[PDB]
Amino acid sequence: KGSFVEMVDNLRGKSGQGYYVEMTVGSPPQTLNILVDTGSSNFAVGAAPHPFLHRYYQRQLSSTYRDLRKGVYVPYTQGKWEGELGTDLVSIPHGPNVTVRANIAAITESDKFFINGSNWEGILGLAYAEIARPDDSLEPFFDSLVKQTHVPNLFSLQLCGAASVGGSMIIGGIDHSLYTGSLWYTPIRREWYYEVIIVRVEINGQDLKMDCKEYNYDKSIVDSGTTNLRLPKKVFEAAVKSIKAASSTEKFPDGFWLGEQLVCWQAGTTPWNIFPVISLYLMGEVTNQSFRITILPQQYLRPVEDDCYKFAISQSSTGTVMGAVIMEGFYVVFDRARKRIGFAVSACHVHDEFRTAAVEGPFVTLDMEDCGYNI
Ligand SMILES: CCc1ccc2c(c1)[C@@H](NC[C@@H](O)[C@@H]1Cc3cccc(c3)CCCCCCC(=O)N1)CC1(CCC1)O2
């Protein structure tokens, strides 16, 4: 049919290793698990043996394969792949009831890209052509979907926490059963990454009081393919200082704040109360209007196996990244048709005794124009 209930719970994954959706490529249909990545724009799949691949795309066996006789490579933050461009027919079984001819990068070689036992064999870049490789003429999968079918030009992501993870990618719309309260929208500043503008940051109700330009230096992006909340150096330093001070009744290894060492407590004794909430204020849809999303320590302390955790806020020199840990517990609407991103409290929100993850508005914020970074 293509109705939204068919896409509820269509995502799986492992903590820190991305979320993936099932797809098929070719005729007969070949099934692969595909990482869902709002931080890139290339559709690429393993297409040759690799120690970490359980299966891969075999172009010889597909009668609808077409070679584009062109190479391609994509460098991500920690890994990269190269391969051969082609087109083929693509479907999402737990998706809309459609089949599109899409661009596909067949991965022949890679370095630190695939992850040992992640269960995915490819990546679906859902951001815009501007960051596609080799260049912005290689149409991204979602652009092809929208062009070739009646699927509306938007999708939404409900990434759920815990170890296995699950969630939903609603292709073509919004499923009202996956969130509560109001959707709050922030403009997509520019169509490349899903770029947005942070206008204020508060920690436990205390304004960081930095020039708002620091928050978006050199950009702020919403990125399901990145695990952590990643903050520019100056912001990261101020947030860490503030988070250290709030939790200074416990002792922490110094490698913990850099994201290397685990910290552990007796099962069920995690002192959540000493870790502050973080509020990120985002530019809204009307003049002088913003809204805020509030992050609980259960989002930025990632469980890894006594209860053990990694600090999931880290330093960046390439701007703010609102990664999976921020997106978890929110329903995120990538409303491309209207150049905006919506946030609402997810149905699978995180539980804290006395505190709640929230999306709240409206707020008044003057001079939000000034928060955007320019060279
Ligand atoms: C166009 C390719 C590209 C290049 C650089 C880049 C990005 C994208 C932005 N998004 C990164 C994600 O695309 C990438 C997806 C991914 C690839 C392979 C494996 C995973 C995730 C799961 C494990 C996490 C790897 C580290 C984060 C990452 O590179 N995610 C994130 C930023 C932009 C600001 C930081 O850097």
Side-chain angles (χ1 to χ4, degrees), residues 15-16 38-39 76-78 159 186 189 193-263 272 274-283 290 292-304 308-330 343 350 357 365 368 370-375:
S15 187
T38 64
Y76 303 86
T77 63
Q78 284 159 27
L159 307 185
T186 195
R189 188 201 189 193
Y193 293 105
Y194 289 100
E195 193 191 348
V196 300
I197 295 165
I198 297 159
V199 303
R200 186 183 299 166
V201 177
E202 285 183 337
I203 300 183
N204 265 357
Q206 195 100 171
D207 202 308
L208 279 191
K209 272 169 170 161
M210 308 186 63
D211 190 319
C212 62
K213 273 200 170 71
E214 308 287 355
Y215 305 138
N216 315 293
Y217 172 68
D218 64 300
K219 56 183 180 302
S220 288
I221 76 163
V222 184
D223 182 358
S224 65
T226 293
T227 292
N228 289 1
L229 168 62
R230 307 189 58 215
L231 294 179
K233 174 215 191 73
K234 281 184 185 173
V235 180
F236 170 82
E237 278 165 8
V240 173
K241 174 173 183 174
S242 203
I243 297 167
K244 269 173 166 163
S247 58
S248 63
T249 43
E250 296 258 325
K251 189 92 200 183
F252 303 91
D254 205 287
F256 167 79
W257 302 103
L258 302 171
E260 291 153 359
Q261 307 290 308
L262 283 69
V263 69
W272 296 119
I274 62 157
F275 296 101
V277 299
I278 302 158
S279 290
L280 305 180
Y281 291 68
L282 294 172
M283 179 189 273
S290 63
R292 76 178 187 206
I293 62 169
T294 302
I295 309 306
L296 295 180
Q298 292 91 340
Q299 286 161 260
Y300 67 72
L301 296 183
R302 194 171 55 85
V304 287
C308 296
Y309 308 93
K310 281 193 182 183
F311 189 56
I313 304 170
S314 51
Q315 203 181 131
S316 184
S317 59
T318 53
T320 305
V321 188
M322 290 166 61
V325 301
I326 301 306
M327 294 178 69
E328 280 171 4
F330 302 112
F343 292 81
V350 208
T365 312
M368 293 186 297
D370 301 319
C371 306
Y373 173 78
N374 292 299
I375 323 97

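Values reported hereafter were calculated over all heavy atoms of this structure, with side chains retained and with hydrogens, waters and symmetry mates removed. Quick note: residue numbers are just sequence positions, from 1.
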*With sequence neighbours excluded, what pairs up with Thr226 under the side chain to side chain donor-acceptor pair (under 3.5 Å) test?*
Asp223
*asked:* Could you walk me through whether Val304 and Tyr309 satisfy the side-chain contact (heavy atoms from CB on, under 4.5 Å) test, starting with their C-alpha distance in whole Å, then the side-chain angles of each, then the deciding distance to 0.1 Å, before giving a yes or no?
replied: CA-CA 5 Å; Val304 287; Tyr309 308 93; 5.5 Å; no
*Which residues pass the side chain to side chain donor-acceptor pair (under 3.5 Å) test with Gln298, sequence neighbours left out?*
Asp352
*If you look only at pairs with a residue in residues 193-221, which of them pass as a ring-ring contact (aromatic ring centres under 6.0 Å, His included), with sequence neighbours excluded?*
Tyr128-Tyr194, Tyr194-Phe334, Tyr217-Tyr373
_The criterion is side-chain contact (heavy atoms from CB on, under 4.5 Å); which residues satisfy it with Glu250, sequence neighbours excluded?_
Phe252, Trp265, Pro271, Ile274
_Student check: side-chain heavy atoms of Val263 and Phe311 closer than 4.5 Å_ = no
_Beyond-backbone contact of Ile278 with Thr294, side-chain heavy atoms, under 4.5 angstrom_ = no
_Expected output: side-chain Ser224 to main-chain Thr38 donor-acceptor under 3.5 Å_ = yes
Determine all donor-acceptor pairs shorter than 3.5 Å in which one atom belongs to a side chain in residues 227-241; sequence neighbours excluded.
{"from": "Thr227", "atom 1": "OG1", "to": "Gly16", "atom 2": "O", "distance (Å)": "3.4"}
{"from": "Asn228", "atom 1": "ND2", "to": "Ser314", "atom 2": "OG", "distance (Å)": "3.0"}
{"from": "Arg230", "atom 1": "NH2", "to": "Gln315", "atom 2": "O", "distance (Å)": "3.2"}

_Closest non-hydrogen atom pair, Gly372 against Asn216_ = N-ND2, 4.4 Å
*If you measure from OG on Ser15 to CZ on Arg302, what distance do you get to the nearest 0.5 Å?*
4.0 Å
*Reported CD1-to-OG1 distance for the pair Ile221 and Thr320, which is rounded to 0.5 angstrom*: 9.5 Å
Contacts under 3.5 angstrom, residues 253-262 side chains, donor-acceptor by atom type, not counting sequence neighbours:
none

*Spatial distance of atom CG (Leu280) from atom OG (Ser290) [nearest 0.5 Å]*: 11.5 Å
_I need the minimum non-hydrogen distance between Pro276 and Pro297, along with the two atoms involved._
O-CD, 3.8 Å
*Determine the minimum heavy-atom distance between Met322 and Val196, stating which atoms define it.*
SD-CG2, 4.4 Å
*Note, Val222 side chain near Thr186 side chain (heavy atom, < 4.5 Å)*: no
*Any side-chain heavy atom of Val350 sitting closer than 4.5 Å to one from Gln299?*
yes
_Value rounded to 0.5 Å, distance of CG in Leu296 from CH2 in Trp272_ = 9.5 Å
*How would you list all residue pairs meeting side chain to side chain donor-acceptor pair (under 3.5 Å) that involve residues 195-213, not counting sequence neighbours?*
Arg189-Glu195, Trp192-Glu195, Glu202-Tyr281
*To the nearest 0.5 angstrom, please state how far the CD1 atom of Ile326 sits from the CD1 atom of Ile295.*
4.0 Å
*Once you round to the nearest 0.5 Å, how far does CG of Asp370 lie from CD1 of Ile197?*
10.0 Å
*Write out all pairs satisfying disulfide (SG to SG under 2.5 Å) with one or both partners inside residues 207-238, taking only residues at least two apart or from two chains.*
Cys212-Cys371
